[PDB]
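Can you read through this structure? Questions will come right after.
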Amino acid sequence: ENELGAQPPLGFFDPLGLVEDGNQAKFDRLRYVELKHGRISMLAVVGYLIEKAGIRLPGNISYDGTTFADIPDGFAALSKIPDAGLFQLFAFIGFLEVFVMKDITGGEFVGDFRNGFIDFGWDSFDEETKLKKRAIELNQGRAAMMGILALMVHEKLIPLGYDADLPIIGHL
Amino acid sequence: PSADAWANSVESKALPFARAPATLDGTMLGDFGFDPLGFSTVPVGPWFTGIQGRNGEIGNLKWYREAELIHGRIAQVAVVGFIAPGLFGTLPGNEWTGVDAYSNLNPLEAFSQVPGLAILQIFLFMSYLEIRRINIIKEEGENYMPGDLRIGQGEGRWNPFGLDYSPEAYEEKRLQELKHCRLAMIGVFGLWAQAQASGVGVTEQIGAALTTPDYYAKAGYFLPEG
Amino acid sequence: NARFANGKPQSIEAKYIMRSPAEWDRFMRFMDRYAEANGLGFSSXXXXXXX
Amino acid sequence: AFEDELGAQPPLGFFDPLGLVXXXXXXXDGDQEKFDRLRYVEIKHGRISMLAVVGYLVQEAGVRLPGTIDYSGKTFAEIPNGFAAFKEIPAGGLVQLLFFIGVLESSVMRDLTXXXXXXXXXXXXXXXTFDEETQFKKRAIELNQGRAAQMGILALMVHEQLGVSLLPXXXXXXXXXX
Amino acid sequence: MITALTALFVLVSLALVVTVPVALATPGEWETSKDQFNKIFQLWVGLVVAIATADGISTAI
Amino acid sequence: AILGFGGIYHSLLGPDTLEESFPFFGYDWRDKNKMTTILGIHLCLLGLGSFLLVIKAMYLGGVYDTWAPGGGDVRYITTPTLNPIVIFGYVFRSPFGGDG
Amino acid sequence: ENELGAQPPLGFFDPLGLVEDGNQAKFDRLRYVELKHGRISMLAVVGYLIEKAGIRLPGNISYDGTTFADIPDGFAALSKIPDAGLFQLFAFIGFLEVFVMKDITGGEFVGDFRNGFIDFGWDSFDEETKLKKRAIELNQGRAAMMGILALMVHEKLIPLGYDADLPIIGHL
């Protein structure tokens, strides 16, 4: 429901007035939007940090003769995957998204029944598995959502981030 | 919907096209109604005084005012710290090993050159005037005045001088302090950006734009008196 | 000089201590009437008839 | 009128040999057979076809933005005038086209709505709107303009993959004598 | 097609230069005929737009 | 014709005095505040008009130069001179011979 | 809370009598003073052993050509960090100390609300959650606080603790 999310040092923080309805129904949907951009941007920054560390796989990615080292770091990488690879992301992720295993039905308290193993679950600590850990993942997303808007704009004006760090880090 | 305070909207004397979200309210001296996006509708309590105190109030600012006061007061000392090494002497360095680490006029690079024992002793003093502020936040409690290192004229705060200033002139000073606090923060951002945009200090920029640069300046006066 | 292209044309510090002191010393006489007296807008067609 | 009974106009008028607006004949009760969907889904294919046909004329006429489309070495002239023009583009370019299409699609211009958006055809944000009598015509004009482009762009799809580009289709034999 | 469109554009603007200030300086005939001049003002700018496309297309043909 | 129409408008069909229903555009000629506000509006538009040339020379298509190197040509003014002693040394120069 | 840190062999151990007086406050003060000294000393000896075992990171720490391998073990290390590194320690560790993550008020019965997941167990084990684990962490600090007095005063004579284990181990 409500009573989750932001927290010290903000608490309920809707300062421009986008949700001040007094209606849970609009606030419900924008929460699960934030969970989803939470979950995606988190695996994209750690995807970015592991791609930028030079952590690659060995071998060719196809019979194009593109190694995993050939695919450049940064924004170009997803763009110059071969097209038939990008269909197979779509075929698998799209099944994984809209109906199987993750079902995002309608934005519904996506609970997905993947609750850790022992850890961090009901009939144990009250404070933790919800009202804290459910709050951190969202705020983890809040860090990583801002991490990509950075990262894209860091890549937009300069080359890639490892080529942003050997030369200048100061502003334009 | 706790930030619904954009429902009633007091005039933003700052922005005559926009509005102020009614928590500004004209209580505090610095208020002229500037809140183009928010942070006024929500306050935050002092988290460093409590895990219990991490949560905040609904109308009491007190802490955005301090962060406006502390950043503004440091910035006022900072703008002299950029400007005054260029106008005056630059402290001959012969006490410890290392000669003329001080002599650099660029304040970003003179930061790195000057020995780590020197800025540590700045950091220790700039520490010591602030654990003092931790105790003054604890002792004054919820009676807290957002300035107040116990320096002022009343109470026997410390009061060295002829600080005889009347409560009307006291309201002027807190306003004059605050207006320079808001003005110096943009100044330090100016000085920090000009020291990156050119590797020189201020007196090597403003004192360079008043020179008739050598390739434009005329040769001289070679006319004879006969 | 003579097309040295000077600013308010001038080739010595000695005439800088002639421009500023002769403006100022016939300025301080002007101040001695009009010091310590401000404000008092009038909103008329060129009255400014205060003394 | 909002969207109902628009676009039925002579020499034909109303069209159901099939049964798909008769609501009980064919493909019925399977899935998403709401007529107001199909009412809309005609219009958007019409709108995309109208920009497809008109935009294709401006492409084939040689009207081109001057410069380079990327900094990996494609100028605007190096994109062919024809069907493989969406091929010869950077793929990261085609990411960006589809993305801003999707931004319109998730938020800005309708793509949840079963009717049309707010735009109200004139120029700008002023949006000179039509009032009563003329509007029943011109909303159905947009439908008939939509359908003619839907037949027109696919006609074209059949043309040059089986033939040659519109510049050689207008520099060689085309159907009649002329 | 450009020459015919600007020929119509001059002949509309003759009626505009004449009949508008005769209807502006009339204290009665503005509020009544404003929807007759709105139709022609909107038509007039909508002809400027349709003649700017014509030069725009038929230069870079 | 846009500027011609609105000039014929406010000279024939308009409020004869603006300060009845438009206090933002009305004035007294003696309101020292309001007459400076109309200055300060118009100074900004002359200011934005002057950068509009600076956008034209630096960025949008450049500006013709006869001192252009190797012949007179349209070129981009990449590095203008913003030293005020150079710039205001034109204004405080003499108006006579060779100063100019 | 009171009965903590006083398990065998020494029991309650105020030998000189500085908590001979009364109050919770100066026992509150000296406890979280002791705990934070505990927490810092424990990572500093584990920071010592992982440095001195030759576990480093390849690559320069800055533009200097100062690698992590070029930074020697021991007390030359923290001093020969470049200054802008230490001022970014004081920024982050600073924000982490006072402000982000780790609240420090007066020693507030420092709870910090995190710990693990199924682990903190009140409602499960009232003598495992506190009074044993909360007692050992104090003492592991009490070892490690006596480890760094050790760590300095050993290294004050020439070989350090990798160097001190190739030559002499005997006293002066």
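For reference, chains read A, B, C, D, E, F and G in written order, and residue numbers begin at 1 within each chain.
Here is the rule we use: a residue touches a chain if its C-beta (ideal position, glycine included) is under 8 Å from a C-beta of that chain, and two chains touch if they have at least 3 such contacts.
Q: Hey, what chains does subunit C share as contacts with subunit E?
A: The common neighbours are F.
Q: Which of the two pairs, D-E or B-C, is linked by more C-beta contacts?
A: So, comparing the two chain pairs, more contacts are at D-E.
Q: Which integer distance in Å separates the CA centroid of subunit B from that of subunit F?
A: Inter-chain centre distance comes to 37 Å.
Q: Where the centres are mean C-alpha positions, what is the separation of subunit A from subunit E, in Å?
A: 56
Q: From the mean C-alpha coordinate of subunit C to that of subunit F, what's the distance rounded to whole Å?
A: Spacing between the chain centres: roughly 29 Å.
Q: Express in whole angstrom the distance between the two chain centres, defined as the mean CA positions of subunit E and subunit F.
A: Result: the chain centres lie 31 Å from each other.
Q: Residue numbers in subunit B touching 2 or more other chains?
A: If we look for residues of subunit B contacting two or more partner chains, we find 47, 54.
Q: Which residue numbers or ranges of subunit A touch two or more of the other chains?
A: none
Q: Could you tell me which residues belong to subunit F and also touch two or more other chains?
A: 85, 89
Q: What chain pairs are in touch here?
A: Every touching chain pair, ordered by label, is A-B, A-D, A-G, B-C, B-F, B-G, C-F, D-E, E-F.
Q: For the complex, which residues does subunit G have touching subunit A?
A: So the residues of subunit G touching subunit A come out as 113-114, 116-118, 120-121, 123-124.
Q: Which positions of subunit D touch subunit A when the two form their complex?
A: Touch residues, subunit D against subunit A: 90-92, 95.
Q: Any idea which subunit B residues touch subunit C in the complex?
A: Residue positions touching the partner: 218, 221.
Q: Where on subunit A is subunit D touching in the complex?
A: Subunit A residues touching subunit D: 75-76, 78-80, 83.
Q: Tell me, which parts of subunit F touch subunit C in their complex?
A: Going by the criterion above, the answer is residues 28-32, 85, 88-89, 92-94, 97-99.
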